[PDB]
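**Q**
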Amino acid sequence: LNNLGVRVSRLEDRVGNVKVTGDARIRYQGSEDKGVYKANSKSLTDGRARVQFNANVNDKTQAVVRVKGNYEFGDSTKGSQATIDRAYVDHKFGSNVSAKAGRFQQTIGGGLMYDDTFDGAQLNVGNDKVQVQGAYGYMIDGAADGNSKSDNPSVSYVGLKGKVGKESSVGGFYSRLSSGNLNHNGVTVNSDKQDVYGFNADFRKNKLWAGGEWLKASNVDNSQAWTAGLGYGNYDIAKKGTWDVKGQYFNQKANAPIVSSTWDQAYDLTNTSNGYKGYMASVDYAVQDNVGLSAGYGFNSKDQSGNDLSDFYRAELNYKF
Amino acid sequence: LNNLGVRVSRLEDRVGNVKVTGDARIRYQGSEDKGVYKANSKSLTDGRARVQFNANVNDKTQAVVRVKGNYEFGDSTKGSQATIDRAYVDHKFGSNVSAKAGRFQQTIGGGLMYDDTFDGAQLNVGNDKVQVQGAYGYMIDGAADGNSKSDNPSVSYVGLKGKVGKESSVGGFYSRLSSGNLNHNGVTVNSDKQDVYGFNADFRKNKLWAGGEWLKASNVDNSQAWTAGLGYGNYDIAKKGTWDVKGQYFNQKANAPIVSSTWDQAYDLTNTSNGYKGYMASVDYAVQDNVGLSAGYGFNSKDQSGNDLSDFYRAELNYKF
Amino acid sequence: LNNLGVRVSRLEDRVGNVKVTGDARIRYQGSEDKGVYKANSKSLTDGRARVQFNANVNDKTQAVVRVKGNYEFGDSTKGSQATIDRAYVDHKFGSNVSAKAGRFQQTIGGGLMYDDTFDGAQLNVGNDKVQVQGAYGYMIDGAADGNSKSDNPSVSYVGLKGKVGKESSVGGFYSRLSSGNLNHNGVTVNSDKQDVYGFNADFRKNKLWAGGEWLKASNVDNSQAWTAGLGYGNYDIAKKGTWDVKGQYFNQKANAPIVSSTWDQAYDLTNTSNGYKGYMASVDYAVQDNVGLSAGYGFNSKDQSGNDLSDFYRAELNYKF
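Chains as they are written, first to last, in the numbering used here: chain P, 1 to 321; chain L, 1001 to 1321; chain U, 2001 to 2321.
(1) Does U/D2115 come within less than 9 angstroms of chain L when only Cβ atoms are used?
(2) Who are the neighbours of U/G2306 on chain L, taking C-beta pairs under 8 angstroms?
(3) Residue range of the beta strand (DSSP E) that L/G1212 falls in?
(4) Cα-Cα, which of U/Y2285, U/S2223, U/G2069, U/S2218 is closest to U/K2246?
(5) Evaluate the contact criterion for the segment 1092-1100 of chain L versus the segment 2154-2174 of chain U: three or more CB pairs, one atom per stretch, below 8 angstroms.
(6) Please go through the same chain and pick out, in chain order, the residues whose beta-carbon is closer than 7 angstroms to the beta-carbon of L/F1104, but skip the five residues on each side of it.
(7) With contact counted as at least three CB pairs below 8 angstroms, one residue from each stretch, are the segment 1138-1145 of chain L and the segment 1259-1273 of chain L in contact?
(8) Residues of chain P with CB closer than 8 angstroms to the CB of L/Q1105, please, in chain order.
(9) Can you find at least 3 beta carbon pairs, one from the segment 1033-1050 of chain L and one from the segment 1063-1072 of chain L, that sit closer than 8 angstroms?
(10) Write down the C-beta distance between P/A210 and P/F203 rounded to the nearest angstrom, noting that I regard them as a contact closer than 8 angstroms.
(11) Using a Cβ cut-off of 9 angstroms (strictly closer), state whether U/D2059 contacts chain P.
(12) Does DSSP put P/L182 in a helix, in a strand, or in coil?
(13) State yes or no: is the beta carbon of U/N2190 nearer than 9 angstroms to at least one beta carbon in chain L?
(14) What residues in the segment 144-158 of chain P have a beta carbon less than 7 angstroms from any beta carbon of chain U?
(15) To the nearest whole angstrom, what separates the beta carbons of P/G212 and P/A228, a pair I think is in contact under 8 angstroms?
(16) Please confirm if L/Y1071 has its CB atom under 9 angstroms from at least one CB of chain P.
(17) Does DSSP put L/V1006 in a helix, a strand or coil?
(18) Chain U beta carbons: is any one of them nearer than 9 angstroms to that of L/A1210?
(19) Could you check whether the Cβ of U/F2203 sits closer than 9 angstroms to any Cβ belonging to chain L?
(20) Which one or two residues does DSSP pair with residue 959 of chain L in a beta bridge?
(21) What in chain P is Cβ-close to U/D2289, meaning under 8 angstroms?
(22) Which residue's Cα is closest to the Cα of P/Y279: P/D289, P/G172, P/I108, P/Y267?
(23) Strictly below 8 angstroms CB to CB, what residues from chain P border U/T2077?
(24) Mark P/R10 as exposed unless 16 or more other C-beta atoms lie within 10 angstroms of its C-beta, in which case mark it buried.
(25) Just to confirm the assignment, what range does the beta strand (DSSP E) spanning U/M2280 have?
(26) For a test of the three-state rule: what should DSSP assign to P/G198, helix, strand or coil?
(27) Report the neighbours of P/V51 on chain L: residues whose CB is nearer than 9 angstroms to its CB, in chain order.
(28) Just to make sure I have the definition right: I need the residues of chain L whose C-beta is within less than 9 angstroms of the C-beta of P/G5. Which are they?
(29) Could you run through the segment 2021-2038 of chain U and flag, in chain order, every residue whose CB is less than 7 angstroms away from some CB of chain L?
(30) Any C-beta of chain U sitting closer than 9 angstroms to the C-beta of residue 958 of chain L?
(31) Starting from U/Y2267, trace the beta strand (DSSP E) both ways and give me its first and last residue.
(32) Give the straight-line distance between the Cα atoms of P/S178 and P/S282, rounded to the nearest whole angstrom.
(33) 9 angstroms is my cut-off, CB to CB: does U/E2012 come that close to chain P?
(34) Could you tell me the boundaries of the beta strand (DSSP E) in which P/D85 lies?
(35) Note down, in chain order, all residues in the segment 2077-2094 of chain U with a beta-carbon under 9 angstroms from any beta-carbon belonging to chain L.
(36) How is the beta strand (DSSP E) around U/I2108 delimited, first residue to last?
Pasting the structure below:
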């Protein structure tokens, strides 16, 4: 028993404050019309490998550094360059107040508008039912990609979230964006300030999910965007046999601010100049522990004027380390 | 005893599923003529640092992510880029069948044609006496570098390996390459379908080794290539004092497909227009545990028409950690 | 207990020779005149994340591989590319002789002339009170950035460091630079050989600190550069509540070689065409364990001819993993 203890103690020397996690993904995307996912083609098979380091700076602060690498199956034009996707420090100023600083992931509202990289600061105040999240910074991925410091609109976001029921939650959000460059239909246009505001709901009872979100720019005409979805399943990547099915509908207008949505819709501000309106059915199945298989079929895609867009379909495998 | 276990649990809370290995290399290469290794010069001293993360997704699957960085001693034009060299998932479908998916390392035959990065899928059926390996994908390195997905020649490879006696192994392979752009003597030229079939043998007894390989494209004339080598030693980088010496003759014709050979000759389809034929003597010595000094000298280098080529020589330090 | 013993051994299987450390910095720099820190702007808010893998090749050798990623808050033109900052091997040939090989950090003398990346070899002979350091290689960062191998000036450095008390140490250094391209005021000018020689001294009685450094090129005229500073504090980033204040003065002539100094003056060989002469006050405070807030204000900046220069000021937060 004593010797074993010593053999434990030596391990305590080698292990540090950094825990290494990560994930891998092999994805296939396709559409009935060329150009939706890859230029001058109607298919795209790619892969991604992310390695994350969670470091315990001390007992009240932690940092996260994520290194990602994307590649296409057969694309040898350039090497799979490694990029720092996440680099931020998280502080716990008590049992309620929390803070984040650096390049982290921000979700503007319910994720329909933005659920991706964010350069700036974030604050969180709330115990168990009411949570106020306040972020200040700049968007990175999505239609806000390719902009410089002077040309990148600054987001001031405040979001209220309330826990109604056991695992159901409602909420709202109010964001203000300064004038800056945004990617509309493949061209960078300098847009004025916007006052986006929105509401969302997510009711989940015993393997039945019903979610919805509606956002609108206060000072921009025909700029609202909403989504509504239902689903059944108990998906969890860490347990075998856990599946999930869901069907949702997206109706977003021409001027609706959709930089990089959380959902796997193929049409957003970057792709469409006259809105998007259509359904999408997604299926997930944990084939093994920490190995999940996802499929998705987006159909009935149309513009806001009835013009018929192109369908799309995805199939991906995600491995969690 | 309960406390000790708690300690172990804390270690299991921090160690995770990712094991970090890696290696480093300090290499010098030279030749008697300019342009063999570095443009407009006859020497190249460089270094490489690779860090590999091996993650146990579950009992029957693991993933590998390798971050590689090359640099040249004194070259400060660009920072040492970090590139995702390997990113793949390995599945064990029982005691015999195994599968690989993603960006891995493929060895087409004995390694003379290609032993390097590969984007696609691999399926191994093993019996500890006879092994079958089938790969479908794209070459990423060597003469296949600089190609897009629409120009990269797809490879469909099937290889058999028979373990004759103990530690000795023979084998063969048949591969089909689709039409695509290949780098012939620095010029990207489009080539039609090719059928590369070959055999190899590797007889190791006591401390002596004798190997050979022969491959040929069925529908292309003047594409036959082969190598034959003899060596003596017991090299193992993790064991100090283990040495090794070998001498091998390479004879590859003008149109022989040699994308990225597993050996260290400096002439493979990318810097030759009329073939290669010559000897190469290599020496290895584990100076310390996990440290190895390798040297090589390639001489009698000639084209297939009798015209002389440039001799070359290498000296490298490999640190394994 | 046998069940526990199997677990602990498993940990030793999943814990290799690589220990992962790192740091994360969030920095703000600014000046009263545009262009000191960023083009056409008098401010720069950036962040950096470094992850270092310290390996143990064996009991007498150890390698280091550092992956560094910089970004600017709001700059989305390019991803935060990961660069291999350090990649080298450290050998320990007894209790008095040590060596390094690869891309490491070199401090030429006291660091006023250069303390940054270095490609080459280093040898150390130390009597535990008198140390001799000899480095042969190339500069990679600072005014030597953007140079190829054929243009990078080779550096042959021999430095001596003696201890004259409990903490106070004096020393000197002699370095030889070959002909090469160096960045003077944004223009890459070719310069002949230089024979830099210099001295430095440091005294750390109690918490007081008094440091100084002088250096000059033997053949070039108007190349003398010196710094002298005082301070009081016990700054240790791993201890909460440890503060530090200091104030120093720099006097750098027009042709004084300041490639990448170890101090934080905003003016060096890359920014100054007629030298620099001014004061700088720095403050450090470890607000938390492994967290530190640093501030700096450089004022009275002037050319060697009396022409006024801009005043600079910075504030940063450093977290050690």
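Just so it is clear, CB atoms sit at the ideal spot from N, CA and C, and this is done for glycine as well.
**A** Looking at the atomic coordinates:
(1) no
(2) Near U/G2306 there are no residues of chain L at all, since even the closest Cβ is about 35 angstroms away, more than 8 angstroms.
(3) 1208-1217
(4) U/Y2285
(5) no
(6) Answer for L/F1104: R1086, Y1088, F1118, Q1122, listed in chain order.
(7) yes
(8) Those within 8 angstroms of L/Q1105 in chain P number zero; the least Cβ separation is about 14 angstroms.
(9) yes
(10) 5 angstroms
(11) No, U/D2059 lies away from the interface with chain P (no Cβ there is under 9 angstroms from its Cβ).
(12) DSSP, read as helix, strand or coil, puts P/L182 in strand.
(13) no
(14) Within the segment 144-158 of chain P, the qualifying residues are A144, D145, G146, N147, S148, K149, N152.
(15) 4 angstroms
(16) no
(17) helix
(18) no
(19) No, U/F2203 lies away from the interface with chain L (no Cβ there is under 9 angstroms from its Cβ).
(20) With chain L covering 1001 to 1321 only, the question about residue 959 of chain L has no answer from this structure.
(21) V57, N58
(22) P/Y267
(23) Within chain P, the residues whose beta carbon sits less than 8 angstroms from that of U/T2077 are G146, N147, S148, listed in sequence order.
(24) exposed
(25) Counting along the chain, the beta strand (DSSP E) containing U/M2280 begins and ends at 2276-2288.
(26) strand
(27) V1018, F1053, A1055, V1065, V1067
(28) Neighbourhood of P/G5 in chain L, by CB distance below 9 angstroms: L1004, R1007, in chain order.
(29) none
(30) As shown, chain L starts at 1001 and ends at 1321. That puts residue 958 of chain L outside it, with no answer to give.
(31) Segment: none, U/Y2267 is in no beta strand (DSSP E) and carries neither H nor E.
(32) 35 angstroms
(33) It does: the Cβ of U/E2012 has a partner Cβ on chain P nearer than 9 angstroms.
(34) 82-92
(35) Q2081, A2082, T2083, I2084, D2085, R2086, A2087, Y2088, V2089, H2091
(36) 2097-2108
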